[PDB]
Structures are given as C-alpha cells and as structure tokens.
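Colleague: Pasting a structure here, questions to come.
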Amino acid sequence: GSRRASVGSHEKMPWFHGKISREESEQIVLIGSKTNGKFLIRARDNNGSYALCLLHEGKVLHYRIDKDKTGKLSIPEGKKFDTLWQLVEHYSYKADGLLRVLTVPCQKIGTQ
Amino acid sequence: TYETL
C-alpha cells in the first residue's frame, strides 16, 4: 500500500494527460477545436486539483474542478461527479454549464 | 484562470 486517497489520475487517454502543464494543453487546443467542442482534462500532484479545459473558438477556457476532500470531483458553477470519468462523460453529453458541450479531445494523437 | 462553468 502506498500513499494516496482516491484515484490518482488516469494517464491512459488523450484528453487526459496528467503531465501536460496547462498551456501545453491549451496550445493543443490551438491546434484543434473549431466547432467549439474540443476539450481536455488535466490533473496535478500538489494538493488534489483538476481543471477542465475546452475552447470556445479561439478562446480557450479552463474550469477548476475539485471535491470536498471526499473524493467527489465537482464544480461550483459546473456540476458534481464521482470521478473525472463521470464529469467528463457526463459533460461529454452536454456543457452542463461550460461554454459549450464537449465533442473532441484536445491532446494530440501522433507526431506528424 | 477559470472560466465560469
């Protein structure tokens, strides 16, 4: 057993890079996103902090997302969820409050 | 840096 409360970010995924900085992911959005549906979720290892980042056409956004030190990842204006899997999938449905629903992952795919 | 959800 190690030291960790709940989930510890899931690498396996495009729009889920628990390494990117924040800009790095927003520059990626620079790449893609047109229909105002691209997004990406990121995590951090400092004090449990996640934030969704989607672009509203040439206007990349970010949304803070955390829990109540309970494990339930939520959002003030956004919503509430168990994990970034639900908050993402859910939001994968709608915006729920975002600028616009989600439709595409930000992160990259290949090289060239 | 967080829009308003």
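In the structure tokens, chains take the letters A, B, ... in the order shown, each chain's residues start at 1, and ligands count up from 1 in the order shown.
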Considering only C-alpha atoms, extract the chain A residues located within 12 Å of chain B and return them as number ranges by chain.
Modeller: A: 22-23, 26, 50-56, 59-65, 74-80, 91, 94-101
Colleague: Take the selection from the previous step and output its residues with N, CA, C and O atoms, as a short mmCIF file (atom, residue, chain, number, x, y, z; two decimals), in the first residue's frame.
Modeller:
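Dumped to selection-v9.cif:
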data_model
loop_
_atom_site.label_atom_id
_atom_site.label_comp_id
_atom_site.auth_asym_id
_atom_site.auth_seq_id
_atom_site.Cartn_x
_atom_site.Cartn_y
_atom_site.Cartn_z
N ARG A 22 -0.61 23.11 -18.79
CA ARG A 22 -1.92 23.75 -18.81
C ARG A 22 -2.01 24.52 -20.12
O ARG A 22 -3.03 24.53 -20.81
N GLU A 23 -0.86 25.15 -20.41
CA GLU A 23 -0.73 25.89 -21.63
C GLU A 23 -0.54 24.88 -22.76
O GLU A 23 -1.14 24.95 -23.82
N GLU A 26 -3.45 23.92 -23.83
CA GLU A 26 -4.21 24.99 -24.43
C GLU A 26 -3.63 25.36 -25.82
O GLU A 26 -4.30 25.98 -26.64
N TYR A 50 -7.92 19.55 -10.18
CA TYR A 50 -8.17 19.22 -11.58
C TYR A 50 -8.92 20.38 -12.22
O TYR A 50 -9.56 21.18 -11.55
N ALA A 51 -8.80 20.44 -13.56
CA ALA A 51 -9.49 21.51 -14.26
C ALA A 51 -9.72 21.13 -15.72
O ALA A 51 -8.83 20.66 -16.42
N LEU A 52 -10.98 21.37 -16.12
CA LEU A 52 -11.37 21.07 -17.48
C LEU A 52 -11.01 22.26 -18.37
O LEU A 52 -11.18 23.41 -18.00
N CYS A 53 -10.51 21.91 -19.57
CA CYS A 53 -10.14 22.97 -20.49
C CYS A 53 -10.70 22.69 -21.88
O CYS A 53 -10.34 21.73 -22.55
N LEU A 54 -11.61 23.61 -22.26
CA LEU A 54 -12.19 23.48 -23.59
C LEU A 54 -12.11 24.85 -24.27
O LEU A 54 -11.91 25.87 -23.64
N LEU A 55 -12.26 24.80 -25.61
CA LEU A 55 -12.13 26.05 -26.33
C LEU A 55 -13.46 26.51 -26.91
O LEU A 55 -14.25 25.73 -27.45
N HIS A 56 -13.65 27.84 -26.76
CA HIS A 56 -14.86 28.44 -27.28
C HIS A 56 -14.46 29.26 -28.51
O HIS A 56 -14.69 30.46 -28.59
N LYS A 59 -10.95 30.85 -28.07
CA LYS A 59 -10.99 31.29 -26.69
C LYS A 59 -10.95 30.07 -25.79
O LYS A 59 -11.97 29.53 -25.38
N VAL A 60 -9.71 29.68 -25.52
CA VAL A 60 -9.53 28.52 -24.68
C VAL A 60 -9.96 28.86 -23.27
O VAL A 60 -9.72 29.95 -22.75
N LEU A 61 -10.58 27.85 -22.67
CA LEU A 61 -11.06 28.02 -21.33
C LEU A 61 -10.58 26.92 -20.42
O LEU A 61 -10.11 25.87 -20.83
N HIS A 62 -10.76 27.27 -19.15
CA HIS A 62 -10.38 26.34 -18.10
C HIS A 62 -11.41 26.44 -16.98
O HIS A 62 -11.97 27.49 -16.71
N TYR A 63 -11.66 25.27 -16.37
CA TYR A 63 -12.62 25.25 -15.29
C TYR A 63 -12.05 24.44 -14.14
O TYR A 63 -11.66 23.29 -14.29
N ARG A 64 -12.00 25.11 -12.97
CA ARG A 64 -11.48 24.40 -11.82
C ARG A 64 -12.47 23.32 -11.42
O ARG A 64 -13.68 23.50 -11.48
N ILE A 65 -11.88 22.18 -11.01
CA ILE A 65 -12.72 21.06 -10.62
C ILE A 65 -12.08 20.29 -9.47
O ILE A 65 -10.99 19.74 -9.59
N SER A 74 -16.15 17.82 -8.26
CA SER A 74 -17.29 18.64 -8.62
C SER A 74 -16.85 19.99 -9.16
O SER A 74 -15.68 20.24 -9.43
N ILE A 75 -17.89 20.84 -9.30
CA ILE A 75 -17.65 22.17 -9.81
C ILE A 75 -18.68 23.12 -9.20
O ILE A 75 -19.85 22.78 -9.04
N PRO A 76 -18.19 24.33 -8.85
CA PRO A 76 -19.03 25.36 -8.28
C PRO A 76 -20.25 25.63 -9.17
O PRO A 76 -21.39 25.35 -8.82
N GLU A 77 -19.92 26.21 -10.33
CA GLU A 77 -20.97 26.51 -11.29
C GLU A 77 -21.30 25.26 -12.12
O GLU A 77 -22.45 25.02 -12.49
N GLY A 78 -20.23 24.49 -12.39
CA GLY A 78 -20.41 23.28 -13.17
C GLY A 78 -21.47 22.37 -12.53
O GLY A 78 -22.63 22.72 -12.39
N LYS A 79 -20.98 21.16 -12.17
CA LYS A 79 -21.87 20.20 -11.55
C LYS A 79 -21.14 19.48 -10.42
O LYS A 79 -20.39 20.06 -9.65
N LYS A 80 -21.41 18.17 -10.40
CA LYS A 80 -20.80 17.32 -9.39
C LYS A 80 -20.67 15.90 -9.95
O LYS A 80 -21.51 15.44 -10.72
N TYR A 91 -20.35 15.46 -19.09
CA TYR A 91 -20.13 16.66 -19.87
C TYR A 91 -19.92 16.30 -21.34
O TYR A 91 -20.14 17.11 -22.23
N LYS A 94 -23.27 17.08 -22.46
CA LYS A 94 -23.55 18.48 -22.52
C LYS A 94 -22.45 19.28 -21.85
O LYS A 94 -21.46 18.78 -21.35
N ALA A 95 -22.76 20.57 -21.88
CA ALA A 95 -21.87 21.53 -21.24
C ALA A 95 -22.17 21.52 -19.74
O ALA A 95 -21.27 21.53 -18.91
N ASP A 96 -23.49 21.49 -19.46
CA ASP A 96 -23.90 21.47 -18.06
C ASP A 96 -23.68 22.83 -17.39
O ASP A 96 -24.11 23.09 -16.27
N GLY A 97 -22.97 23.65 -18.15
CA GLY A 97 -22.65 24.98 -17.66
C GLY A 97 -21.44 25.59 -18.39
O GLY A 97 -21.24 26.79 -18.40
N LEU A 98 -20.65 24.67 -18.98
CA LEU A 98 -19.48 25.11 -19.69
C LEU A 98 -19.87 26.19 -20.69
O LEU A 98 -20.99 26.69 -20.69
N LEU A 99 -18.88 26.50 -21.53
CA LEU A 99 -19.15 27.46 -22.58
C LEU A 99 -19.97 26.74 -23.67
O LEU A 99 -20.92 27.27 -24.22
N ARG A 100 -19.51 25.50 -23.91
CA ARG A 100 -20.17 24.66 -24.88
C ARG A 100 -19.87 23.20 -24.53
O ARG A 100 -18.87 22.88 -23.91
N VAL A 101 -20.80 22.34 -24.97
CA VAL A 101 -20.63 20.93 -24.72
C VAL A 101 -19.25 20.49 -25.19
O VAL A 101 -18.49 21.25 -25.78
#
Colleague: Just list as a count of residues only whatever in region 11-65 of chain A DSSP marks as strand (DSSP E or B).
Modeller: 16
Colleague: To one decimal place, how far is CA of residue 57 (chain A) from CA of residue 44 (chain A) in Å?
Modeller: 25.7 Å
Colleague: Could you tell me how far CA of residue 107 (chain A) sits from CA of residue 15 (chain A), in Å to one decimal place?
Modeller: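 Distance between the two atoms: 5.0 Å.
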Colleague: As an exercise, work out the distance from CA of residue 58 (chain A) to CA of residue 110 (chain A) in Å and give it to one decimal place.
Modeller: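 For CA of residue 58 (chain A) relative to CA of residue 110 (chain A), the distance reads 22.5 Å.
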Colleague: Residues near residue 7 (chain A), anyone? I mean within 10 Å using only C-alpha atoms, not counting same-chain ones fewer than 2 positions away, as an MDAnalysis selection string.
Modeller: chainID A and resid 4:5 9:10 71 83:84
Colleague: Can I get the selection written as a PDB file, in the first residue's frame, with N, CA and C atoms?
Modeller:
ATOM      1  N   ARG A   4      -2.053   7.408  -0.977  1.00  0.00           N
ATOM      2  CA  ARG A   4      -2.969   8.003  -1.934  1.00  0.00           C
ATOM      3  C   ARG A   4      -4.407   7.762  -1.474  1.00  0.00           C
ATOM      4  N   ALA A   5      -5.188   8.850  -1.601  1.00  0.00           N
ATOM      5  CA  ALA A   5      -6.579   8.759  -1.192  1.00  0.00           C
ATOM      6  C   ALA A   5      -7.390   8.038  -2.273  1.00  0.00           C
ATOM      7  N   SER A   9      -5.460  10.049 -11.049  1.00  0.00           N
ATOM      8  CA  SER A   9      -5.352  10.453 -12.440  1.00  0.00           C
ATOM      9  C   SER A   9      -5.042   9.234 -13.309  1.00  0.00           C
ATOM     10  N   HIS A  10      -5.790   9.182 -14.427  1.00  0.00           N
ATOM     11  CA  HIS A  10      -5.592   8.074 -15.346  1.00  0.00           C
ATOM     12  C   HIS A  10      -4.916   8.586 -16.616  1.00  0.00           C
ATOM     13  N   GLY A  71     -13.604  13.042  -2.289  1.00  0.00           N
ATOM     14  CA  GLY A  71     -13.318  12.220  -3.438  1.00  0.00           C
ATOM     15  C   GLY A  71     -14.221  12.563  -4.634  1.00  0.00           C
ATOM     16  N   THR A  83     -15.998  10.927 -10.390  1.00  0.00           N
ATOM     17  CA  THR A  83     -14.656  10.989 -10.914  1.00  0.00           C
ATOM     18  C   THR A  83     -14.703  11.733 -12.237  1.00  0.00           C
ATOM     19  N   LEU A  84     -13.493  12.060 -12.696  1.00  0.00           N
ATOM     20  CA  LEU A  84     -13.385  12.764 -13.934  1.00  0.00           C
ATOM     21  C   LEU A  84     -13.920  11.955 -15.113  1.00  0.00           C
TER      22      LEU A  84
END
